[PDB]
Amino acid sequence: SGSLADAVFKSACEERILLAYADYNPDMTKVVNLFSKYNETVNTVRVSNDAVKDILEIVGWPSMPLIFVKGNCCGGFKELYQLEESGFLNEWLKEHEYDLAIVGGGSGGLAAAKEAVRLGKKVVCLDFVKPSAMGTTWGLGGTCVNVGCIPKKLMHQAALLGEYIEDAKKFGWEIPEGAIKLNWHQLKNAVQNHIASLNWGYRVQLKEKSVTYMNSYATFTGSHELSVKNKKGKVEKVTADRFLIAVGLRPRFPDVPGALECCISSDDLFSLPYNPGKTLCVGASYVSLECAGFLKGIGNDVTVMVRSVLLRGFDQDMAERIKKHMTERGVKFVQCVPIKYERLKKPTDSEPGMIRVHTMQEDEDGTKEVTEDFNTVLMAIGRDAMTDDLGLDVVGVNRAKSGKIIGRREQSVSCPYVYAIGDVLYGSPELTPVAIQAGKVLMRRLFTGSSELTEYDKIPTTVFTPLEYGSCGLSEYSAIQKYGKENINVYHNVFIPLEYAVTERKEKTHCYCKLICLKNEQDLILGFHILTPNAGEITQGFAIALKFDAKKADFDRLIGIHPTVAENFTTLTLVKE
């Protein structure tokens, strides 16, 4: 019998051209002939049948005989003849400046860059941030470091520390009385200082590890040619055997009068030179709610305008609960969608501007136009791939209707030497640790010939709302939609974190956890959901249960740590219905 996957995938990495076959199917001469044209030897592997099904499953091609070129799977002869007919194959076989060109200095980009060079490969990293419509820009690290997870969590923590001052008093700390205010200017500088240290850290790390970095915006001008333009306007050509597109997304604006003129975004909020003041958040996304949250927590009057539901994609039971709590915490929610934004005042520094927001509200006997004045309006409806000016048409990299790249796993489904990871990969969950993992693993497949795949199912999340929401697996609905109400047990409880027991927090009547189980398969766990302080820290480890098809019986036989919130998952007995 033939070879196994292991042997195939390493020989594919080692060898310049590889043909992997099962039976001596015709057209294999036709291959050797094709590469004859280019003075190229063609190595060869007889695979076992025992192994065909797996190998095809990994590389994502349908049928038995496979070509690999400089460690990239092309498909069958059908695919190969297109590359040659197009002239691509001739260009591809030529020596190139870099082993791998990475477009994007984000979570995935930097992860991939570090992992690649660890496997001794010549790598170039291109980061450039086209500025917000208000003209905001930033350093190396991408969305998370500069305008995402990092600043957001720090501003959440600020808002929590506010609620902690009040707790301090109930525990006996004699704090001088008088309203305590939050100075925005201090928080903002505090945050931006850390972002600076990260930016610098990442820039160092690349130099320390021998990775070329260019602060230049890149566009494909040939089959293996990026044209890259820097801040000055200087333009260079870069060449590589492989490309990774790790471009991520940018805040979405709606096609409304005054939107791009009058409203800030995620990109702008974390470096504002003024206290945002009376604030309107437009959108139901996790971003809208998370933000909306902390601004109220640092003392601002906050309003959230939604089109229909909060957190579309998340458990709408859990979403409704967040809304009830955030409501009791003085955030105002409304059904409206603005029809126009009008600027009344420009911000100075040290002072915000004034926006008039136009809505159309409905009574019993009429529909009539309404306005309300806010200091600052945050647009937070979505994030979109900005890939038009990339020249993916030049390399023939297919995109979805959204700007996202359609993959065979991380491989462009059209072009075999161009790959994509993180937010820009069609249907990739838009989370930092996913980009990083997808990057690290891909590099280990390409340059080591391992069969390791990133696990994009059962990913734990946390929404950093005023009272945090942690989740893993299916929602109550999805489970019922899929399996039917008669076959789903939901176990749940309410509870009071001990840290809140001697206080009069509104959070005391809102903490809730629940466990969603397949009744016909020993209460196998499909999902869990918790509303609590430190939801992030609780969820992460319990998420590993779903990598083992854990049953409710496994949760019940686990001994608790007391006193913690987490132990509550150890003692669920009440059934939802």
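Each residue number is its position in the shown sequence, starting from 1.
Checklist line | Of 358-366 and 286-294, the one with larger mean CA B-factor | finding: Looking at the record's C-alpha B-factors, the answer is 358-366.
Comparing 244-252 with 202-210, where is the mean C-alpha B-factor higher? Comparing averages over the C-alpha atoms only gives 202-210.
*Among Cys511, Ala543, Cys517, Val45, single out the one with the highest C-alpha B factor in the record, please.*
The C-alpha B-factor peaks, among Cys511, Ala543, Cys517, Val45, at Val45.
Check: Based on what the PDB entry reports, which of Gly142, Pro429, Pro352, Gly470 has the top C-alpha B-factor?
Finding: That would be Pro352, according to the entry.
Tell me, lowest, middle or highest third: where does the Cα B factor of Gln522 rank within its chain? For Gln522, the deposited C-alpha B-factor lands in the middle third.
Practice prompt. Just say lowest, middle or highest third for the CA B-factor of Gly313 relative to the other modelled residues in its chain.
Written response: Lowest third of the chain for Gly313's C-alpha B-factor.
For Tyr38, does the deposited CA B-factor place it in the lowest, middle or highest third of the chain? Answer is highest: the recorded C-alpha B-factor places it there.
Looking at the entry's B-factor column for C-alpha atoms only, identify whether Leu154 ranks in the lowest, middle or highest third of its chain.
According to the entry, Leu154 has a C-alpha B-factor in the chain's lowest third.
Lowest, middle or highest third - CA B-factor, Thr503: As the PDB entry reports it, the C-alpha B-factor of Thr503 lands in the lowest third of its chain.
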